[PDB]
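The same protein chain appears twice below, in two forms, each given on its own as structure tokens and labelled structure 1 and structure 2.
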Structure 1
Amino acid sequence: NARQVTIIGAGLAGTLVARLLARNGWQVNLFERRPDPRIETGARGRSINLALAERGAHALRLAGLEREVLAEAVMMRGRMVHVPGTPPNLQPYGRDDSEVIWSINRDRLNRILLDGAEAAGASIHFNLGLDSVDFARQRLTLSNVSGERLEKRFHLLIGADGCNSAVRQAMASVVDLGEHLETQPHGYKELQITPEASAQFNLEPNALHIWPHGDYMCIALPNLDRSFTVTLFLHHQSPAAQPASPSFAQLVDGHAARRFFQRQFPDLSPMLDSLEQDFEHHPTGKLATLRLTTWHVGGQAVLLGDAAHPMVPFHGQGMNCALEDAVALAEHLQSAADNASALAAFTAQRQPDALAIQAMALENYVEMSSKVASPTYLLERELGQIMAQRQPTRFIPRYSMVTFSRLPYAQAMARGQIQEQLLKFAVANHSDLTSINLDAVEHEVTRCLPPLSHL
């Protein structure tokens, strides 16, 4: 009875935790709304590609699924900023090619995980959606496509059913989750760059391409077949304040959109063949930041990944964080004296990191779109670089702590704040680098940042 678990959502987090527990003797039963994606090709995912960073890779590593995943992965050395008039600038993400990110297919990743879970001994049941949960009677309801319902008893319930969690609705009715929604004004549209067009325009095959435009932007991620998947991040509607400013409301036709592209991303528009067809057929996606005070009901049920912390995609960490979570949950469930202790402990350890990543993902928007290279900002950053060379065990860029390290998200954010505070005060009333005493600044770095180890 002790090693029974019912997981809702055969997505990314759900399938990893299904594999991690099943392989350790657990009686895992996974329920998926969708039909089996490695047989039937159903609905469009929230995105085609994903940026696989250390946290995610490492989780897949423990699962012994990392190699299979990286088999069809496209390396991403740094970001390729495209600003008209200025030649494309490549800013590397890290030191060498050891510090990279990977462009992997969502469905491929999902399918690899599904195989992994089923291999470990998990029972995956597709075409079954969670309709409701009776926590008091320790039962739940599922439904097939036809409407026919199915009532199953449960011992422990894991809500790994994504953004619009049926498990979260279920919990919210019997307990105050302490939800706090924060609506993202941007929407998104996925558009394609053919393998022929990517070759013709000699686009860097191993980089994360970005077209910044302040309140709106575009990104491109590489595909194994040399093609690219462009995403447009643009407001849903223009404000009453500025009603002439672009939005998805203004682009009523694929032609209106082709005009906006030739007008605002002119170097991009010719690479985008089928812009009109892709704009009309592929729908406008929604974004949000949902924060809950509570992720669990006693030892009975818990939310993991997107189900517990929906976030904006601007740091490309959502799935990384969701895989990191699955590890933590599996470890707590295996170590704790009982499920109430496990869920209490899991939530208590992940909730603060979940918040910091949500915060940092919002902050990253600005960083890649609204950047604004201020004279004092460029100065701060140069002093920051010196401080990183002089103090590698203390001064680490937040992107590096987030993306390449496995330091808890909240610690990465905390350190970042100490660093940004040092830089601001050090530059203060200085025009250039020659004015500041580097040795004095370095002493402060040692006084405010305790060292970090890879051991």
Structure 2
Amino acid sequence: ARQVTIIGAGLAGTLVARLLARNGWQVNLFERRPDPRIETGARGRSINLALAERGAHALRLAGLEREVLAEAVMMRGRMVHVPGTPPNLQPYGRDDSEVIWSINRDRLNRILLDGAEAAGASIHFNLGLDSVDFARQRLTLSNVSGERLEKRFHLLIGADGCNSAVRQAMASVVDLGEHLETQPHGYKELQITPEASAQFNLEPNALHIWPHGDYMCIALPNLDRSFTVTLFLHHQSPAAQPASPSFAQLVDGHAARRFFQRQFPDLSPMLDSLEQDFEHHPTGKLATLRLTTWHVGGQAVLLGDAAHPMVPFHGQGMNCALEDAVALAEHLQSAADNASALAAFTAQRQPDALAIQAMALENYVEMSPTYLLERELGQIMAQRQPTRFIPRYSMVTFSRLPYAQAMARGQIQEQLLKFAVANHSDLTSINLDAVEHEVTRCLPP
């Protein structure tokens, strides 16, 4: 039985643990945090995530999709809130097959941990990786007190998130060629209670967005009709725009309330605990990190956020990490040796990681005239050639097309629409048959 040590019992690490353990690998998984399945008197955790077809399919292959979806809220469309216009519900597709799922992160992690243990993995909590000695094949772990314990390893999977210690250890024995692109937005998680969301008729089966240019809020539903709201706002006001809002201007929760009342007036009344959430929840940081290599020989590999931190604006980070886990287990299972597997994994996944990293950054702008007309012509082309003209968002979210192919086809589509609408003011002026022939010329089924 082949041996593997996984660092991080998050989303990627627990899935890859299950996939390898059920294929007969001897799997030990090490997690810095306590076991979330051991109920304590601590406050619950209400962060949720959008699960799309890529993540769902990964869970399906692992036999866990049914259990996860039973605890998830269907989101049938995007609900865009702008003051002065009623909320506009933009359906994701023609029917409920094209939806995304709002799942509580803690509940998803618990289901995955059970799945990993059911397949035979051993999971060891309260042990955080501190360092790796690659030449001696040993690693050093410790609890929160820092009491150190050493373990031998044969294959090390770094599934330990965007601040990966495995990545830090690798960067010392190989040049990972890291390129860090900091994101100026921080984020803050806020809460809408079930009573408030019902009082204001907030639609439960939708993803909600309050755009406001350089900042915005999103809200995702929970099973009990509460919503988790996330504010995205610059950490600092730019020099050469020092008045603009930023976390630095919001000195306390009362300042945050004044900010919401002015900039997000239909949302502020739903946020009963704004002042306390704002002061008690930490401001998060965002970034894009691109690595030239993801592995050290056959000894260690990164996946998930450890390999490709991305901005969250496409809701694909977890979905990508679960897709990584499937791919890594597949390569390891069937390769000639571990070094071959890890090289092949990296070669397969790196172009797609770059693509979603880029599309996630682009997606922020797109959710921040000419646009209507292009989107209108695109809807017609999707009706005439539904196997050829598929909106990029739909390729990313509702299909398993490799992200880089989705991005390439999306650019062909966006250029074709922009050129077709240029020098036209309405659609009856446009030759739909000529556009369709360009679709069938440039977009294979």
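Take the two forms, superpose them, and find the largest set of C-alpha atoms that agree within 1.5 Å; that set is the rigid core. Structure 1's sequence is the ruler for residue numbers, which start at 1.
Core-aligned, is the CA shift for residue 39 between structures 1 and 2 2 angstroms or more? The answer is no, as the C-alpha of residue 39 shifts between structures 1 and 2 by less than 2 Å after core alignment.
For residue 381, what C-alpha shift in Å is seen between structures 1 and 2 once the core is overlaid? Here the C-alpha difference is 1.5 Å.
Rigid core superposed, the C-alpha shift at residue 291 between structures 1 and 2 in Å: So the C-alpha of residue 291 has moved 0.4 Å between structures 1 and 2.
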